[PDB]
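Everything below concerns the one structure shown next.
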2 protein chains.
Amino acid sequence: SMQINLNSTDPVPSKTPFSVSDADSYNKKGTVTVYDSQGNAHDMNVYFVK
Amino acid sequence: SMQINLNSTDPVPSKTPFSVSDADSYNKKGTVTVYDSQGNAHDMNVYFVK
């Protein structure tokens, strides 16, 4: 469970495609940490694109 | 009887042949002592490699 506040005045991203490598194809990137049954962790990145 | 708690995130050692002199040939080394008929103490080393 994660919350976000946003700005209504954010322009549309310029990068028409999307790639995790770039830093423009998305409005903003966050991440979350999760665990498996064996204990070792994983990280999920989330990208907001207007 | 000895309980050891191994780790999931232990990377594979580097030195492919097993050597007790190079610490990078095994993931972990543990020791124990046993006794004989004479009464002298003998130490065993057990080496864990993933």
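Labeling convention for the structure tokens: chains A, B, ... as they appear, residues from 1 per chain, ligands from 1 in order of appearance.
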
### Message
For a quick test of understanding: name the residues of chain A lying within 9 Å of chain B when counting only C-alpha atoms, and present them as number ranges by chain.
### Response
A: 38-40

### Message
Show me, as a ChimeraX atom specification, the residues that have an atom within 7 Å of residue B:43 when counting only C-alpha atoms, minus same-chain residues fewer than 3 positions from it.
### Response
/B:31-34

Write out chain A, as an mmCIF file with N, CA, C and O atoms, in the first residue's frame, after superposing it onto chain B by least squares using every C-alpha atom paired in order.
```cif
data_model
loop_
_atom_site.group_PDB
_atom_site.id
_atom_site.type_symbol
_atom_site.label_atom_id
_atom_site.label_comp_id
_atom_site.auth_asym_id
_atom_site.auth_seq_id
_atom_site.Cartn_x
_atom_site.Cartn_y
_atom_site.Cartn_z
ATOM 1 N N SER A 1 26.934 -33.498 16.425
ATOM 2 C CA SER A 1 25.715 -32.854 15.954
ATOM 3 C C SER A 1 25.942 -31.348 15.957
ATOM 4 O O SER A 1 26.132 -30.745 17.019
ATOM 5 N N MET A 2 25.934 -30.748 14.770
ATOM 6 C CA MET A 2 26.125 -29.310 14.614
ATOM 7 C C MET A 2 25.093 -28.774 13.635
ATOM 8 O O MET A 2 24.756 -29.444 12.655
ATOM 9 N N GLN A 3 24.582 -27.581 13.913
ATOM 10 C CA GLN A 3 23.599 -26.926 13.065
ATOM 11 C C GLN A 3 24.207 -25.691 12.411
ATOM 12 O O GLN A 3 25.239 -25.174 12.839
ATOM 13 N N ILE A 4 23.554 -25.223 11.349
ATOM 14 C CA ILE A 4 24.003 -24.024 10.650
ATOM 15 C C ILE A 4 22.791 -23.318 10.065
ATOM 16 O O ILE A 4 21.824 -23.955 9.641
ATOM 17 N N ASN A 5 22.839 -21.991 10.068
ATOM 18 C CA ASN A 5 21.943 -21.159 9.283
ATOM 19 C C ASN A 5 22.733 -20.550 8.133
ATOM 20 O O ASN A 5 23.925 -20.263 8.267
ATOM 21 N N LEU A 6 22.069 -20.366 6.996
ATOM 22 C CA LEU A 6 22.739 -19.880 5.800
ATOM 23 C C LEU A 6 21.924 -18.760 5.172
ATOM 24 O O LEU A 6 20.775 -18.513 5.542
ATOM 25 N N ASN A 7 22.550 -18.071 4.222
ATOM 26 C CA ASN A 7 21.897 -17.034 3.437
ATOM 27 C C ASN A 7 21.704 -17.540 2.013
ATOM 28 O O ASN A 7 22.638 -18.073 1.406
ATOM 29 N N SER A 8 20.488 -17.378 1.490
ATOM 30 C CA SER A 8 20.197 -17.864 0.146
ATOM 31 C C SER A 8 20.907 -17.042 -0.923
ATOM 32 O O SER A 8 21.060 -17.504 -2.059
ATOM 33 N N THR A 9 21.349 -15.831 -0.585
ATOM 34 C CA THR A 9 21.916 -14.907 -1.557
ATOM 35 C C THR A 9 23.442 -14.948 -1.606
ATOM 36 O O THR A 9 24.061 -13.981 -2.065
ATOM 37 N N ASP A 10 24.058 -16.031 -1.150
ATOM 38 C CA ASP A 10 25.513 -16.132 -1.209
ATOM 39 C C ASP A 10 25.961 -16.487 -2.622
ATOM 40 O O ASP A 10 25.464 -17.460 -3.199
ATOM 41 N N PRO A 11 26.874 -15.724 -3.216
ATOM 42 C CA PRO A 11 27.369 -16.066 -4.552
ATOM 43 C C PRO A 11 28.236 -17.316 -4.529
ATOM 44 O O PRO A 11 28.769 -17.726 -3.495
ATOM 45 N N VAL A 12 28.359 -17.927 -5.700
ATOM 46 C CA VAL A 12 29.222 -19.105 -5.862
ATOM 47 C C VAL A 12 30.674 -18.690 -5.654
ATOM 48 O O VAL A 12 31.071 -17.598 -6.102
ATOM 49 N N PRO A 13 31.495 -19.496 -4.975
ATOM 50 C CA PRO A 13 32.902 -19.124 -4.785
ATOM 51 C C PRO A 13 33.636 -18.974 -6.110
ATOM 52 O O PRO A 13 33.376 -19.691 -7.078
ATOM 53 N N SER A 14 34.568 -18.019 -6.138
ATOM 54 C CA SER A 14 35.321 -17.738 -7.356
ATOM 55 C C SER A 14 36.384 -18.796 -7.627
ATOM 56 O O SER A 14 36.632 -19.145 -8.787
ATOM 57 N N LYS A 15 37.020 -19.311 -6.578
ATOM 58 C CA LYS A 15 38.098 -20.283 -6.734
ATOM 59 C C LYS A 15 37.525 -21.596 -7.254
ATOM 60 O O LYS A 15 36.868 -22.331 -6.510
ATOM 61 N N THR A 16 37.769 -21.890 -8.532
ATOM 62 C CA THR A 16 37.249 -23.111 -9.142
ATOM 63 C C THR A 16 37.782 -24.374 -8.459
ATOM 64 O O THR A 16 37.002 -25.312 -8.253
ATOM 65 N N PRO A 17 39.082 -24.468 -8.082
ATOM 66 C CA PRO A 17 39.496 -25.629 -7.285
ATOM 67 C C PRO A 17 39.208 -25.406 -5.812
ATOM 68 O O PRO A 17 38.616 -24.388 -5.442
ATOM 69 N N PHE A 18 39.613 -26.345 -4.961
ATOM 70 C CA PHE A 18 39.477 -26.198 -3.520
ATOM 71 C C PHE A 18 40.784 -26.574 -2.838
ATOM 72 O O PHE A 18 41.410 -27.578 -3.193
ATOM 73 N N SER A 19 41.186 -25.765 -1.863
ATOM 74 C CA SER A 19 42.330 -26.061 -1.016
ATOM 75 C C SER A 19 42.063 -25.496 0.369
ATOM 76 O O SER A 19 41.502 -24.405 0.502
ATOM 77 N N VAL A 20 42.453 -26.247 1.400
ATOM 78 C CA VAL A 20 42.267 -25.769 2.764
ATOM 79 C C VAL A 20 43.098 -24.524 3.035
ATOM 80 O O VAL A 20 42.759 -23.738 3.928
ATOM 81 N N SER A 21 44.185 -24.322 2.285
ATOM 82 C CA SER A 21 45.032 -23.153 2.494
ATOM 83 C C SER A 21 44.288 -21.864 2.165
ATOM 84 O O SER A 21 44.386 -20.873 2.899
ATOM 85 N N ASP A 22 43.539 -21.856 1.067
ATOM 86 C CA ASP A 22 42.876 -20.640 0.626
ATOM 87 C C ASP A 22 41.668 -20.330 1.509
ATOM 88 O O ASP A 22 41.204 -21.157 2.298
ATOM 89 N N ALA A 23 41.158 -19.105 1.363
ATOM 90 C CA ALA A 23 39.993 -18.641 2.105
ATOM 91 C C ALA A 23 38.855 -18.210 1.187
ATOM 92 O O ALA A 23 37.954 -17.484 1.620
ATOM 93 N N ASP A 24 38.877 -18.638 -0.074
ATOM 94 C CA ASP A 24 37.867 -18.249 -1.048
ATOM 95 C C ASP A 24 37.170 -19.419 -1.724
ATOM 96 O O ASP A 24 36.049 -19.251 -2.208
ATOM 97 N N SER A 25 37.793 -20.595 -1.769
ATOM 98 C CA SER A 25 37.215 -21.764 -2.432
ATOM 99 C C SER A 25 36.041 -22.350 -1.684
ATOM 100 O O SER A 25 35.522 -23.393 -2.103
ATOM 101 N N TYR A 26 35.617 -21.712 -0.599
ATOM 102 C CA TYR A 26 34.512 -22.195 0.213
ATOM 103 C C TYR A 26 33.673 -21.015 0.676
ATOM 104 O O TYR A 26 34.190 -19.913 0.883
ATOM 105 N N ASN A 27 32.369 -21.254 0.832
ATOM 106 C CA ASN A 27 31.502 -20.203 1.353
ATOM 107 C C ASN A 27 31.797 -19.920 2.819
ATOM 108 O O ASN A 27 31.903 -18.753 3.215
ATOM 109 N N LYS A 28 31.944 -20.958 3.642
ATOM 110 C CA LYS A 28 32.264 -20.692 5.044
ATOM 111 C C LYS A 28 32.881 -21.928 5.684
ATOM 112 O O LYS A 28 32.509 -23.061 5.374
ATOM 113 N N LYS A 29 33.815 -21.692 6.603
ATOM 114 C CA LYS A 29 34.534 -22.764 7.279
ATOM 115 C C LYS A 29 34.196 -22.775 8.762
ATOM 116 O O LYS A 29 34.261 -21.737 9.428
ATOM 117 N N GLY A 30 33.844 -23.953 9.269
ATOM 118 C CA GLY A 30 33.708 -24.181 10.692
ATOM 119 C C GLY A 30 34.575 -25.345 11.122
ATOM 120 O O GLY A 30 35.289 -25.916 10.294
ATOM 121 N N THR A 31 34.521 -25.725 12.394
ATOM 122 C CA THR A 31 35.336 -26.839 12.858
ATOM 123 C C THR A 31 34.657 -27.495 14.052
ATOM 124 O O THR A 31 33.789 -26.911 14.703
ATOM 125 N N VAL A 32 35.070 -28.731 14.320
ATOM 126 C CA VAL A 32 34.558 -29.518 15.434
ATOM 127 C C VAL A 32 35.737 -30.194 16.121
ATOM 128 O O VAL A 32 36.757 -30.496 15.493
ATOM 129 N N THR A 33 35.601 -30.416 17.425
ATOM 130 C CA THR A 33 36.628 -31.072 18.224
ATOM 131 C C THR A 33 36.146 -32.459 18.615
ATOM 132 O O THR A 33 35.010 -32.618 19.075
ATOM 133 N N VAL A 34 37.007 -33.458 18.431
ATOM 134 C CA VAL A 34 36.689 -34.844 18.751
ATOM 135 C C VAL A 34 37.837 -35.427 19.565
ATOM 136 O O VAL A 34 38.943 -34.887 19.598
ATOM 137 N N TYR A 35 37.560 -36.549 20.223
ATOM 138 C CA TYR A 35 38.536 -37.221 21.066
ATOM 139 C C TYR A 35 38.706 -38.659 20.602
ATOM 140 O O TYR A 35 37.813 -39.250 19.991
ATOM 141 N N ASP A 36 39.876 -39.212 20.894
ATOM 142 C CA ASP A 36 40.220 -40.580 20.555
ATOM 143 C C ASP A 36 40.121 -41.465 21.796
ATOM 144 O O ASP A 36 39.646 -41.041 22.854
ATOM 145 N N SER A 37 40.573 -42.713 21.667
ATOM 146 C CA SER A 37 40.604 -43.626 22.801
ATOM 147 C C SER A 37 41.751 -43.340 23.760
ATOM 148 O O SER A 37 41.713 -43.805 24.904
ATOM 149 N N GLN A 38 42.772 -42.604 23.324
ATOM 150 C CA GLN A 38 43.893 -42.255 24.186
ATOM 151 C C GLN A 38 43.735 -40.891 24.846
ATOM 152 O O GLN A 38 44.567 -40.525 25.682
ATOM 153 N N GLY A 39 42.693 -40.136 24.500
ATOM 154 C CA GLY A 39 42.394 -38.879 25.148
ATOM 155 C C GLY A 39 42.768 -37.634 24.368
ATOM 156 O O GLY A 39 42.010 -36.659 24.385
ATOM 157 N N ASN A 40 43.915 -37.635 23.689
ATOM 158 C CA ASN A 40 44.354 -36.438 22.983
ATOM 159 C C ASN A 40 43.390 -36.096 21.852
ATOM 160 O O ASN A 40 42.797 -36.973 21.219
ATOM 161 N N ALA A 41 43.234 -34.800 21.606
ATOM 162 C CA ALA A 41 42.142 -34.292 20.791
ATOM 163 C C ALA A 41 42.514 -34.223 19.314
ATOM 164 O O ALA A 41 43.682 -34.292 18.928
ATOM 165 N N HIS A 42 41.479 -34.089 18.486
ATOM 166 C CA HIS A 42 41.612 -33.827 17.062
ATOM 167 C C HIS A 42 40.600 -32.759 16.680
ATOM 168 O O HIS A 42 39.567 -32.590 17.335
ATOM 169 N N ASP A 43 40.899 -32.044 15.602
ATOM 170 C CA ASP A 43 40.000 -31.032 15.075
ATOM 171 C C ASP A 43 39.714 -31.307 13.606
ATOM 172 O O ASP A 43 40.623 -31.529 12.800
ATOM 173 N N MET A 44 38.425 -31.301 13.272
ATOM 174 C CA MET A 44 37.965 -31.528 11.908
ATOM 175 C C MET A 44 37.413 -30.219 11.373
ATOM 176 O O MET A 44 36.506 -29.638 11.976
ATOM 177 N N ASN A 45 37.955 -29.754 10.251
ATOM 178 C CA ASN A 45 37.438 -28.562 9.598
ATOM 179 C C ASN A 45 36.397 -28.949 8.558
ATOM 180 O O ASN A 45 36.558 -29.935 7.832
ATOM 181 N N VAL A 46 35.335 -28.155 8.480
ATOM 182 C CA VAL A 46 34.258 -28.362 7.523
ATOM 183 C C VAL A 46 34.105 -27.095 6.696
ATOM 184 O O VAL A 46 34.140 -25.981 7.230
ATOM 185 N N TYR A 47 33.961 -27.269 5.386
ATOM 186 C CA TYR A 47 33.896 -26.156 4.447
ATOM 187 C C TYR A 47 32.618 -26.269 3.635
ATOM 188 O O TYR A 47 32.374 -27.302 3.003
ATOM 189 N N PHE A 48 31.809 -25.215 3.658
ATOM 190 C CA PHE A 48 30.609 -25.120 2.844
ATOM 191 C C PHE A 48 30.937 -24.333 1.583
ATOM 192 O O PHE A 48 31.442 -23.202 1.663
ATOM 193 N N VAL A 49 30.657 -24.947 0.432
ATOM 194 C CA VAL A 49 30.908 -24.396 -0.893
ATOM 195 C C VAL A 49 29.588 -24.458 -1.648
ATOM 196 O O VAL A 49 29.069 -25.551 -1.904
ATOM 197 N N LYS A 50 29.042 -23.303 -2.013
ATOM 198 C CA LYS A 50 27.778 -23.279 -2.748
ATOM 199 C C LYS A 50 28.041 -23.659 -4.199
ATOM 200 O O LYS A 50 28.499 -22.837 -4.995
#
```

### Message
To test your reading of the structure, identify every residue in chain B that backbone DSSP assigns to strand (DSSP E), and report it as a ChimeraX atom specification.
### Response
/B:28-35,41-48

Dump N, CA, C and O atoms for the selected residues as a compact mmCIF listing (two decimals), in the first residue's frame?
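Output saved as part.txt:
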```txt
# COMPACT_ATOMS: atom_id res chain seq x y z
N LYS B 28 32.20 -21.03 3.39
CA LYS B 28 32.32 -20.92 4.84
C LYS B 28 33.18 -22.07 5.36
O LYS B 28 33.25 -23.12 4.74
N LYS B 29 33.83 -21.85 6.50
CA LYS B 29 34.59 -22.89 7.18
C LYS B 29 34.15 -22.94 8.64
O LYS B 29 34.13 -21.91 9.32
N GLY B 30 33.81 -24.13 9.11
CA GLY B 30 33.48 -24.35 10.50
C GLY B 30 34.38 -25.42 11.09
O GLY B 30 34.97 -26.22 10.36
N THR B 31 34.51 -25.41 12.41
CA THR B 31 35.41 -26.32 13.10
C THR B 31 34.66 -27.06 14.20
O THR B 31 33.64 -26.60 14.72
N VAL B 32 35.18 -28.24 14.54
CA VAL B 32 34.67 -29.04 15.65
C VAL B 32 35.83 -29.87 16.19
O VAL B 32 36.85 -30.04 15.52
N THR B 33 35.67 -30.37 17.41
CA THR B 33 36.68 -31.21 18.03
C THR B 33 36.07 -32.54 18.44
O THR B 33 34.92 -32.60 18.89
N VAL B 34 36.84 -33.62 18.26
CA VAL B 34 36.46 -34.96 18.67
C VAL B 34 37.62 -35.55 19.45
O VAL B 34 38.75 -35.06 19.41
N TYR B 35 37.34 -36.62 20.19
CA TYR B 35 38.29 -37.20 21.12
C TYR B 35 38.56 -38.66 20.77
O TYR B 35 37.65 -39.38 20.34
N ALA B 41 42.76 -34.69 21.64
CA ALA B 41 41.72 -33.94 20.91
C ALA B 41 42.18 -33.73 19.47
O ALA B 41 43.33 -33.37 19.25
N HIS B 42 41.27 -34.02 18.54
CA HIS B 42 41.48 -33.88 17.07
C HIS B 42 40.44 -32.88 16.55
O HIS B 42 39.26 -33.02 16.92
N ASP B 43 40.87 -31.93 15.72
CA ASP B 43 39.97 -30.91 15.19
C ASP B 43 39.66 -31.19 13.73
O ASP B 43 40.57 -31.34 12.91
N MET B 44 38.37 -31.25 13.42
CA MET B 44 37.88 -31.35 12.05
C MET B 44 37.39 -30.00 11.55
O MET B 44 36.75 -29.23 12.27
N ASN B 45 37.73 -29.72 10.30
CA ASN B 45 37.28 -28.53 9.59
C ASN B 45 36.34 -28.97 8.48
O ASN B 45 36.69 -29.85 7.68
N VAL B 46 35.16 -28.36 8.43
CA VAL B 46 34.17 -28.62 7.40
C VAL B 46 33.99 -27.35 6.57
O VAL B 46 33.84 -26.26 7.12
N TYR B 47 34.05 -27.50 5.26
CA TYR B 47 34.05 -26.38 4.33
C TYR B 47 32.79 -26.45 3.48
O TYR B 47 32.52 -27.48 2.85
N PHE B 48 32.03 -25.36 3.47
CA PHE B 48 30.79 -25.23 2.71
C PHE B 48 31.06 -24.41 1.47
O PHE B 48 31.57 -23.28 1.56
```
